[PDB]
Amino acid sequence: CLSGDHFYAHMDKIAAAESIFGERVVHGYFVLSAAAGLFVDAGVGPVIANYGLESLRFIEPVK
Amino acid sequence: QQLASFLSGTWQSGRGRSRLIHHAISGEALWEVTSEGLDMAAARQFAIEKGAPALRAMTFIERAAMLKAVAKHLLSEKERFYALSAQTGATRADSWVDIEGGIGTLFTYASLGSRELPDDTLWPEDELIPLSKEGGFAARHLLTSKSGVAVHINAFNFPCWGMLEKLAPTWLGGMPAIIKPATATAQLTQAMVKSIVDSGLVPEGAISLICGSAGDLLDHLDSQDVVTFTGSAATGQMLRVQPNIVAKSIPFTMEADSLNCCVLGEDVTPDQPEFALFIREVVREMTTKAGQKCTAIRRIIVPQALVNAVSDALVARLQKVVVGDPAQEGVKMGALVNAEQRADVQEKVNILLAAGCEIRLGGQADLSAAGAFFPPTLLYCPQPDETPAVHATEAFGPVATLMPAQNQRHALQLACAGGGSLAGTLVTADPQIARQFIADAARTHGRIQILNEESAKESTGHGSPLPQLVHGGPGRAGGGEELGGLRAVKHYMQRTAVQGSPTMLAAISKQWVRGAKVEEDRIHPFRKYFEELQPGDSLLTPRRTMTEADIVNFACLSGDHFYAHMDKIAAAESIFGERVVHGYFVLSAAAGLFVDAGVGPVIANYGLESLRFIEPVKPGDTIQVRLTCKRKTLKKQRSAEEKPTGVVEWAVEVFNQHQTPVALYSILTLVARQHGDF
Amino acid sequence: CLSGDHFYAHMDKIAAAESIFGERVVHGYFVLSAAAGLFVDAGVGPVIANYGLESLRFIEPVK
Amino acid sequence: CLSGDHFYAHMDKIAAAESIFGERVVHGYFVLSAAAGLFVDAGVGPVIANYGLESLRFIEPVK
């Protein structure tokens with residue numbers, strides 16, 4: 001809803017059943033976003049800006 | 001028995017002064033090699049005008065599939081390769097390296113050509129080099145395959161591997177090869193070449209063979225040719241001063257003989273497991289392939305307090321090594337390839353004994369035996385700094401001298417005193433000692449294995465050069481480099497920096513780059529199949545106004561309450577001036593804009609190549625995304641049940657109402673093909 | 001986000017300024033949904049089901 | 001939550017089990033809103049304004 005990515009492997013029970021994943025899976029960018037929600041310190045510190053991401057490969061699906 | 005030479009598409013043999021191949025373990029002559037009277041100019045001519053346009057007409061994906069097909073066809077009939085390699089005096093475990101390492105090199109170059117090489121005749125290795133402020137003038141480096149032949153002059157060590165580790169970068173690079181094996185073991189090389197040719201997989205002219213001297217090959221080479229050498233230094237340094245090679249300026253790559261080291265550190269005490277794996281590594285590397293490999297350990301550097309322990313444990317481990325016939329059981333080491341090589345090893349031992357010492361069976365070697373047997377030899381040098389013959393002379397067999405060191409400062413100097421080596425080893429459990437060893441000893445070694453207890457379990461060892469690691473070394477080791485992953489296929493290409501407008505570079509490279517012309521054709525690009533996509537098929541998505549509620553909902557949902565997004569005070573004290581939109585929410589809302597919701601050829605995403613956030617995105621700051629196709633690169637559909645597909649790359653360009661490029665990046669995406677091939 | 005209706009008169013600041021509304025407005029279906037949030041009792045009562053809406057007209061935009 | 005319609009046939013497990021639907025069902029106005037999220041173009045086009053709805057009948061429940 002928030003991102004607007006209504007892809008059929010995430011938002012469709014029928015089409016994801018006939019896909020390679022078998023059922024509808026978590027978005028890869030939400031795995032990225034919740035990862036950054038896990039490791040980023042909320043407080044003010046030496047970390048200034050992010051601006052970068054080197055090599056992203058989604059290996060196995062998250063359900 | 002006639003041992004022919006595949007030249008000009010036909011199997012031919014010379015007529016002249018013929019050398020002859022002796023059987024290694026017994027001694028009789030059962031092959032003869034000659035190439036006199038064979039027209040080498042017609043061979044190079046047939047190769048250049050028959051197999052070079054056939055290889056260059058293929059794409060890199062098709063050439064990688066050709067390498068995989070040749071690997072499967074040569075792995076199927078692999079037992080005749082062992083039958084022909086048993087004549088070289090090697091055992092089953094010694095010929096296993098020679099056959100299966102070359103076939104795995106073919107599979108590895110097939111995998112590297114399938115994963116990181118384009119579906120094009122050409123290969124752009126750069127992304128883009130901007131050379132203008134407006135953007136209408138840019139450049140990038142191409143890599144076009146050369147229009148000549150590759151002359152591979154191999155050593156007698158690995159016929160199968162040493163031909164076949166050079167043949168995969170040559171074919172994958174895009175050139176036809178002319179292989180000149182060493183005339184001591186060319187029968188296995190002709191078995192390999194015949195198994196390649198009698199399969200219908202490679203084009204005609206793409207591979208040649210000369211069992212014998214080249215004679216007039218080097219005098220006819222064009223400037224688009226390369227020569228790769230492996231063997232003695234005295235031959236390759238005379239083939240470097242050949243007048244056509246220096247006149248036409250063709251790349252001569254040489255791999256000479258090296259003095260490989262195995263340095264023992266001060267931290268290793270004999271109660272540790274490091275000592276036993278050190279001794280096992282030295283013994284296995286000295287006895288594998290009878291010490292006739294180019295990466296064999298020939299200088300053991302130990303501390304002064306550990307001279308007696310190493311020099312007794314090596315004897316207690318190497319007296320178990322049985323040197324005999326490979327077919328009879330209980331025989332570890334095989335034999336050398338020839339009696340001439342046995343005489344060469346014995347005269348190099350007699351040179352090393354002019355200033356060294358003796359620990360074991362050394363110069364005692366029966367020259368009258370029916371077989372090229374040489375015992376495992378462990379030498380000793382009490383004054384390594386005052387003996388240049390240790391650091392200038394290699395005995396190319398089971399010979400490896402031992403010499404002490406003084407507290408990791410003399411050990412680095414003795415490891416670097418080899419004049420530039422091909423391989424090296426430090427056995428420690430201290431990472432700072434390994435850091436100090438690489439800080440000085442990597443200048444002379446092209447490969448260094450740091451062996452400890454964790455590494456020694458699943459290691460490939462020290463005498464199996466990996467097909468994706470650089471098999472080279474400076475100075476005495478030759479100077480050239482081989483097997484460096486995709487570095488080896490760049491020795492067979494020309495690197496041309498192509499300049500122009502980006503809309504011209506996109507049609508040259510067959511890849512949309514940064515500022516080329518677009519092709520918007522009223523339907524969504526994710527609805528297109530693979531064959532109807534083109535690099536440059538763009539999409540101008542609708543807009544989305546970023547607000548404070550977007551920042552709040554993404555910081556809540558992701559759980560990323562970073563102070564430049566969720567604090568009004570600290571963001572005013574920061575570089576941004578106020579709190580900004582998350583970069584990952586710019587990424588997520590971008591993907592919300594360009595990804596079509598319906599079921600189409602897009603299978604999965606699984607990829608994101610290079611994300612950079614340039615300018616910050618604020619509340620009240622709109623976002624518009626320019627999705628455009630960049631790179632197609634189909635996959636070969638390895639089975640028949642699998643769906644045909646291709647890894648299509650999309651360059652994503654987000655921008656605001658000021659049209660400045662915030663968050664430009666690139667995604668990979670699997671797109672199913674309409675029509676398959678296999 | 002929730003409905004998935006990213007219409008340009010609701011989610012675009014630029015195109016809503018170039019349109020008849022002048023600025024981006026509230027969705028009419030959200031006016032309907034928040035209306036039903038206001039007048040519907042949460043408790044169990046005589047109301048069985050809804051199933052019906054007779055004649056909906058949006059006259060003036062909600063900002 | 002967003003609309004505020006906490007009707008017992010959508011938000012209660014006990015009362016919707018004893019109702020005519022058998023369990024708690026999806027809101028009809030959310031079926032309407034997700035429908036409009038499915039068929040409406042996000043971009044600027046010939047469609048200017050919506051302002052209307054002719055005859056809404058919810059026939060079978062959505063679960």
# chains A, B, ... in the order shown; residues from 1 in each chain; ligands from 1
call {"tool": "calpha_fit_rmsd", "arguments": {"fixed": "chain D", "moving": "chain C"}}
result
0.2 Å
call {"tool": "select_by_dssp", "arguments": {"residues": "chain A", "states": "helix (DSSP H, G or I)", "output": "count of residues only"}}
result
21
call {"tool": "residues_around", "arguments": {"residues": "residue 9 in chain A", "least_positions_apart": "4", "cutoff": "8 Å", "atoms": "only C-alpha atoms", "output": "list in words"}}
result
residues 13, 15, 16, 19, 21, 23, 24 and 25 of chain A
call {"tool": "interface_residues", "arguments": {"of": "chain B", "to": "chain C", "cutoff": "6 Å", "atoms": "only C-alpha atoms", "output": "list in words"}}
result
residues 543, 544 and 545 of chain B
call {"tool": "write_last_selection", "arguments": {"atoms": "C-alpha atoms", "output": "mmCIF file, in the first residue's frame"}}
result
data_model
loop_
_atom_site.group_PDB
_atom_site.id
_atom_site.type_symbol
_atom_site.label_atom_id
_atom_site.label_comp_id
_atom_site.auth_asym_id
_atom_site.auth_seq_id
_atom_site.Cartn_x
_atom_site.Cartn_y
_atom_site.Cartn_z
ATOM 1 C CA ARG B 543 4.323 11.688 -10.265
ATOM 2 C CA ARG B 544 4.030 11.330 -6.501
ATOM 3 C CA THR B 545 4.238 14.241 -4.079
#
call {"tool": "interface_residues", "arguments": {"of": "chain C", "to": "chain D", "cutoff": "7 Å", "atoms": "only C-alpha atoms", "output": "PyMOL selection string"}}
result
chain C and resi 3-8+29+33-34+36-38+40-44+51-59
call {"tool": "atom_distance", "arguments": {"atom1": "CA of residue 70 in chain B", "atom2": "CA of residue 480 in chain B"}}
result
26.8 Å
call {"tool": "residues_around", "arguments": {"residues": "residue 528 in chain B", "least_positions_apart": "5", "cutoff": "8 Å", "atoms": "only C-alpha atoms", "output": "list in words"}}
result
residues 533, 600 and 601 of chain B
call {"tool": "atom_distance", "arguments": {"atom1": "CA of residue 188 in chain B", "atom2": "CA of residue 250 in chain B"}}
result
28.8 Å
call {"tool": "closest_residue", "arguments": {"among": "B:353, B:540, B:286, B:175", "to": "residue 590 in chain B", "atoms": "only C-alpha atoms"}}
result
B:540
call {"tool": "residues_around", "arguments": {"residues": "range 416-419 of chain B", "least_positions_apart": "6", "cutoff": "7 Å", "atoms": "only C-alpha atoms", "output": "PDB file with C-alpha atoms, in the first residue's frame"}}
result
ATOM      1  CA  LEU B 259      61.370 -21.002  -7.165  1.00  0.00           C
ATOM      2  CA  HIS B 391      67.860 -18.614  -5.327  1.00  0.00           C
ATOM      3  CA  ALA B 392      68.645 -19.008  -9.045  1.00  0.00           C
ATOM      4  CA  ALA B 441      56.195 -11.019  -0.362  1.00  0.00           C
ATOM      5  CA  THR B 444      57.333 -11.330  -6.213  1.00  0.00           C
ATOM      6  CA  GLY B 475      60.525 -11.770 -13.120  1.00  0.00           C
ATOM      7  CA  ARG B 476      61.786 -15.344 -13.130  1.00  0.00           C
TER       8      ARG B 476
END
call {"tool": "select_by_dssp", "arguments": {"residues": "chain C", "states": "strand (DSSP E)", "output": "list in words"}}
result
residues 52, 53, 56 and 57 of chain C
call {"tool": "write_last_selection", "arguments": {"atoms": "N, CA and C atoms", "output": "PDB file, in the first residue's frame"}}
result
ATOM      1  N   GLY C  52     -25.962  -1.517  -0.324  1.00  0.00           N
ATOM      2  CA  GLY C  52     -26.641  -0.558  -1.171  1.00  0.00           C
ATOM      3  C   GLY C  52     -26.171   0.877  -1.095  1.00  0.00           C
ATOM      4  N   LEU C  53     -26.213   1.554  -2.238  1.00  0.00           N
ATOM      5  CA  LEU C  53     -25.902   2.974  -2.335  1.00  0.00           C
ATOM      6  C   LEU C  53     -26.597   3.486  -3.586  1.00  0.00           C
ATOM      7  N   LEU C  56     -24.883   8.662  -5.814  1.00  0.00           N
ATOM      8  CA  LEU C  56     -23.750   9.412  -5.290  1.00  0.00           C
ATOM      9  C   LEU C  56     -23.319  10.487  -6.275  1.00  0.00           C
ATOM     10  N   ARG C  57     -23.256  11.728  -5.799  1.00  0.00           N
ATOM     11  CA  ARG C  57     -22.760  12.854  -6.578  1.00  0.00           C
ATOM     12  C   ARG C  57     -21.826  13.674  -5.705  1.00  0.00           C
TER      13      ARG C  57
END
call {"tool": "residues_around", "arguments": {"residues": "residue 491 in chain B", "least_positions_apart": "6", "cutoff": "9 Å", "atoms": "only C-alpha atoms", "output": "list in words"}}
result
residues 169, 170, 173, 226, 251 and 482 of chain B
call {"tool": "write_last_selection", "arguments": {"atoms": "N, CA and C atoms", "output": "mmCIF file, in the first residue's frame"}}
result
data_model
loop_
_atom_site.group_PDB
_atom_site.id
_atom_site.type_symbol
_atom_site.label_atom_id
_atom_site.label_comp_id
_atom_site.auth_asym_id
_atom_site.auth_seq_id
_atom_site.Cartn_x
_atom_site.Cartn_y
_atom_site.Cartn_z
ATOM 1 N N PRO B 169 39.928 -19.156 -22.321
ATOM 2 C CA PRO B 169 39.931 -17.697 -22.526
ATOM 3 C C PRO B 169 40.129 -17.297 -23.972
ATOM 4 N N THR B 170 40.762 -18.151 -24.775
ATOM 5 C CA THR B 170 40.967 -17.843 -26.184
ATOM 6 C C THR B 170 39.655 -17.919 -26.953
ATOM 7 N N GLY B 173 37.277 -15.391 -25.385
ATOM 8 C CA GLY B 173 37.690 -14.069 -25.816
ATOM 9 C C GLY B 173 37.325 -13.773 -27.254
ATOM 10 N N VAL B 226 48.386 -13.047 -30.796
ATOM 11 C CA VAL B 226 49.014 -13.132 -29.484
ATOM 12 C C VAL B 226 49.746 -14.463 -29.385
ATOM 13 N N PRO B 251 51.495 -9.305 -28.473
ATOM 14 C CA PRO B 251 51.680 -9.646 -27.055
ATOM 15 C C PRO B 251 52.266 -11.031 -26.829
ATOM 16 N N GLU B 482 47.817 -15.372 -16.279
ATOM 17 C CA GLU B 482 46.829 -16.267 -16.863
ATOM 18 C C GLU B 482 45.740 -16.529 -15.835
#
call {"tool": "atom_distance", "arguments": {"atom1": "CA of residue 117 in chain B", "atom2": "CA of residue 499 in chain B"}}
result
21.8 Å
call {"tool": "residues_around", "arguments": {"residues": "range 667-673 of chain B", "least_positions_apart": "2", "cutoff": "6 Å", "atoms": "only C-alpha atoms", "output": "list in words"}}
result
residues 529, 530, 601, 602, 603, 604, 605, 607, 608, 609, 644, 645, 646, 647, 648, 649, 650 and 675 of chain B
call {"tool": "write_last_selection", "arguments": {"atoms": "N, CA and C atoms", "output": "tab-separated table (two decimals), in the first residue's frame"}}
result
chain	number	residue	atom	x	y	z
B	529	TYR	N	7.65	-8.90	-23.89
B	529	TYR	CA	8.50	-10.07	-23.75
B	529	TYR	C	9.95	-9.70	-24.01
B	530	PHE	N	10.83	-10.70	-23.93
B	530	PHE	CA	12.26	-10.45	-24.05
B	530	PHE	C	12.64	-10.05	-25.47
B	601	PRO	N	5.66	-10.89	-18.43
B	601	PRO	CA	6.92	-11.63	-18.59
B	601	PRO	C	7.90	-11.42	-17.45
B	602	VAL	N	7.72	-10.37	-16.65
B	602	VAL	CA	8.57	-10.14	-15.48
B	602	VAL	C	8.30	-11.22	-14.44
B	603	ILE	N	9.34	-11.97	-14.08
B	603	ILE	CA	9.20	-13.11	-13.18
B	603	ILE	C	9.51	-12.68	-11.76
B	604	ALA	N	10.74	-12.22	-11.54
B	604	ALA	CA	11.19	-11.77	-10.23
B	604	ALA	C	12.07	-10.54	-10.41
B	605	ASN	N	12.47	-9.95	-9.29
B	605	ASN	CA	13.33	-8.77	-9.33
B	605	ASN	C	14.76	-9.11	-8.91
B	607	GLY	N	17.37	-8.09	-7.62
B	607	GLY	CA	18.60	-7.40	-7.97
B	607	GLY	C	18.49	-5.90	-7.92
B	608	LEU	N	19.60	-5.27	-7.56
B	608	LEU	CA	19.75	-3.81	-7.61
B	608	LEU	C	21.25	-3.55	-7.70
B	609	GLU	N	21.67	-2.78	-8.70
B	609	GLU	CA	23.08	-2.78	-9.09
B	609	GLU	C	23.90	-1.68	-8.43
B	644	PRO	N	12.19	-20.46	-20.82
B	644	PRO	CA	13.16	-19.55	-21.44
B	644	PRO	C	13.01	-18.14	-20.90
B	645	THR	N	14.14	-17.50	-20.61
B	645	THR	CA	14.13	-16.22	-19.92
B	645	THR	C	15.41	-15.46	-20.22
B	646	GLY	N	15.50	-14.24	-19.67
B	646	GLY	CA	16.69	-13.42	-19.80
B	646	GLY	C	16.73	-12.39	-18.71
B	647	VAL	N	17.94	-12.02	-18.30
B	647	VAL	CA	18.14	-11.10	-17.18
B	647	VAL	C	18.23	-9.68	-17.75
B	648	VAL	N	17.08	-9.01	-17.78
B	648	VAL	CA	17.00	-7.67	-18.35
B	648	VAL	C	17.33	-6.65	-17.27
B	649	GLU	N	18.25	-5.74	-17.58
B	649	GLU	CA	18.65	-4.69	-16.67
B	649	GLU	C	17.92	-3.40	-17.03
B	650	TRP	N	17.38	-2.72	-16.02
B	650	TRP	CA	16.71	-1.44	-16.19
B	650	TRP	C	17.45	-0.35	-15.42
B	675	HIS	N	10.19	-17.39	-27.18
B	675	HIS	CA	10.61	-18.62	-27.83
B	675	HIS	C	11.93	-19.10	-27.25
